[PDB]
Amino acid sequence: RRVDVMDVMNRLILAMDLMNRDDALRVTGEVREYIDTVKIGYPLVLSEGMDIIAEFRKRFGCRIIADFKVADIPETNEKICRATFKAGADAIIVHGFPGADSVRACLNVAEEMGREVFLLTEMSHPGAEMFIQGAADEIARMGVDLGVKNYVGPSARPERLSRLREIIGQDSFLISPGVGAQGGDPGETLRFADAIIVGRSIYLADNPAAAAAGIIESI
Amino acid sequence: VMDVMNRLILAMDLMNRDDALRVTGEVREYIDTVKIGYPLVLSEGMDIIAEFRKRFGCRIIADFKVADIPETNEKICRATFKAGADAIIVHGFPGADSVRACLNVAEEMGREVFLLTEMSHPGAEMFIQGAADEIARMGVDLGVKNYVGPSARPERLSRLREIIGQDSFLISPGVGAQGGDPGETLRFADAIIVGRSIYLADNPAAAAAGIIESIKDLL
Ligand SMILES: O=c1cc(O)n([C@@H]2O[C@H](COP(=O)(O)O)[C@@H](O)[C@H]2O)c(=O)[nH]1
Ligand SMILES: O=c1cc(O)n([C@@H]2O[C@H](COP(=O)(O)O)[C@@H](O)[C@H]2O)c(=O)[nH]1
């Protein structure tokens with residue numbers, strides 16, 4: 001679809017937020033036919049340890065995005081990124097709201113370890129309207145100023161998601177949560193995002209495989 | 001409320017278990033409250049929290065800067081309280097629903113939430129500073145009683161204290177390595193948080209002793 005970057009399989013990323021290793025491995029195995037890129041966050045890591053990342057990579061041969069919403073001072077951010085890449089994460093998700101130096105600290109580690117940073121510029125939940133939404137454009141422009149090429153932005157009104165894409169450019173890579181459980185539509189979101197992120201609609205389904213196939217079908 | 005011992009909280013951001021245990025053991029005489037963050041937890045595991053509580057009989061504040069959607073926030077809080085943390089630090093920038101999610105888990109498990117309203121690093125001026133007063137007011141609206149604000153100009157910390165009232169509990173990082181003065185900060189904060197000035201000291205006990213000496217009249 002793009003010649004400059006390869007799409008994740010089916011342009012669909014699994015948000016694996018189950019907090020039990022057995023369950024997380026089973027459900028992931030059940031949709032691996034459909035998905036080759038898994039987002040692992042604190043719910044799973046704080047429950048089962050950082051070793052889970054390497055276990056996923058070995059068992060499933062998938063890409064791993066560590067969704068750690070990094071949001072500390074530069075010095076602490078560097079330590080978090082280092083531990084995370086040491087654990088085998090292909091990329092880490094970093095909040096933009098704490099400012100440019102905090103983001104730069106993560107970018108520096110990513111450069112040293114040959115990994116990637118995704119910048120979170122805007123969020124999907126209702127609370128996001130209070131403070132994040134007002135800063136979102138400026139956070140995205142900050143990302144561009146810093147040379148960030150990978151972004152996280154939410155499924156939203158076309159006029160909104162289009163604005164993000166306008167800022168970051170067509171050459172940037174954009175992944176988008178808020179699809180399914182939170183009300184976002186997979187197809188509409190993929191008009192602007194390179195990939196959609198889906199958690200509960202898949203991992204809480206009676207039949208995870210059917211949910212995944214069903215989503216892919218709807219597009 | 002009872003003061004934290006000597007109004008001094010150790011930021012234990014070493015990433016080796018024996019070094020972390022050693023330094024903490026060396027200053028335990030002076031400090032009975034320890035802030036444990038992702039640098040330590042992501043390197044040594046969540047079990048380090050219960051180990052500290054057992055070995056040192058200290059209260060543990062989990063500095064996880066929780067900054068996700070409500071549903072993910074709830075999972076992170078649950079895992080953290082299950083690991084034995086007495087309190088968790090939550091970002092206010094993501095809005096009221098994300099904070100309420102943490103408050104709800106804290107209520108269910110008999111633990112506490114600290115709201116992070118403003119930060120100490122230069123990047124904090126970009127987006128956080130402009131929202132800090134309103135994040136603090138949101139905290140008041142939600143019934144938050146515990147806050148984190150940075151060691152800074154009396155004006156800044158005074159304004160935060162004004163908003164949260166005299167009854168609220170306020171702790172403040174940015175003391176020592178980042179240039180903050182222990183005595184001036186304790187003018188408004190109930191306790192100061194100190195990391196590198198202690199844990200990177202040739203003599204941590206001596207470093208801790210010196211800080212306390214310098215604030216003798218305020219204890
Ligand atoms: O703005 C955002 C940013 C996120 O990372 N997320 C994350 O994306 C995932 C959404 O999962 P779900 O499809 O179950 O709503 C969760 O892991 C959540 O933490 C989000 O929902 N909204
Ligand atoms: O505004 C803030 C909020 C923090 O939690 N922190 C945290 O407080 C500690 C400061 O440690 P130090 O005294 O070495 O600067 C670190 O754990 C950092 O992540 C901070 O420095 N500034």
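All Cβ positions, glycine included, derive from the backbone under ideal geometry; neighbour counts span all protein chains shown. Since every read-out is calculated from the coordinates, none of them should be taken as a lab result.
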(request) May I ask you to evaluate 6.51 cos²θ - 1.76 cosθ + 1.60, the Karplus curve with θ = phi - 60°, for each residue of the range B:109-124 and list the ³J(HN,Hα) values in order in whole Hz, giving x for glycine and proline? (result) 9, x, 10, 10, 10, 10, 8, 7, 9, 6, 10, 8, 8, x, x, 4
(message) Once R0 is set to 22 Å, what does the formula 1/(1 + (r/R0)^6) return for the Cβ-Cβ distance between B:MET2 and B:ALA205, expressed as a FRET efficiency to the nearest 0.05?
(response) 0.40
(request) Return the average number of partner chain Cβ atoms within 10 angstrom of each residue Cβ along peptide B:51-64. (result) 1
(message) Less than 11 Å Cβ to Cβ from A:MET50, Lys/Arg counted +1 and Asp/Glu -1: what total charge do the surrounding residues give?
(response) -3
(message) To the nearest 20 Debye, how big is the dipole of chain A about its Cα centre, given +1 on the beta carbon of each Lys and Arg and -1 on that of each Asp and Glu?
(response) 260 debye
(request) Once you have a ≥ b ≥ c as the square roots of the Cα gyration tensor eigenvalues for the range A:85-213, tell me rounded if a/c is under 1.5, and otherwise prolate or oblate according to whether a/b is larger than b/c. (result) oblate
(request) Express the relative contact order of the range A:1-143 as a whole percentage, based on alpha carbon pairs under 8 Å and six or more residues apart in sequence. (result) 17 percent
(message) Could you give each residue of the range B:182-196 its phi-based ³J(HN,Hα) in whole Hz, using Karplus coefficients 6.51, -1.76, 1.60 with θ = phi - 60°, and x for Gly or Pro?
(response) x, x, 5, 6, 6, 5, 10, 8, 6, 8, 9, 10, 10, x, 4
(request) On a C-alpha basis, how far is the centre of the range A:53-68 from the centre of the range A:105-174 in Å? Whole number, if you could? (result) 23 Å
(message) In Å and on Cα atoms, what radius of gyration and Dmax does chain A show?
(response) 16.3, 45
(request) Pick out, from A:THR121, A:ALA87, A:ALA110, the residue whose Cα sits farthest towards the positive end of the charge dipole of the range A:70-176, with +1 on the Cβ of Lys and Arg and -1 on the Cβ of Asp and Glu. (result) A:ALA87
(request) Please build a GNM for chain B, connecting alpha carbons under 10 Å apart, and tell me which residue among B:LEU186, B:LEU42, B:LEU170 fluctuates the most. (result) B:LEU42
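So for chain A, if I pair up every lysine 8 or more residues apart or on another chain, how many of those pairs have alpha-carbons under 20 Å apart?
Eligible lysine pairs with Cα atoms under 20 Å apart amount to 8.
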(message) Classify the range A:72-131 from the C-alpha gyration tensor, please: rounded if a/c falls under 1.5, else prolate or oblate depending on whether a/b exceeds b/c.
(response) prolate
(request) Can you tell me the FRET efficiency between B:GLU162 and A:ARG191 if r is taken as the Cβ-Cβ distance and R0 is 51 Å, rounded to the nearest 0.05? (result) 0.60
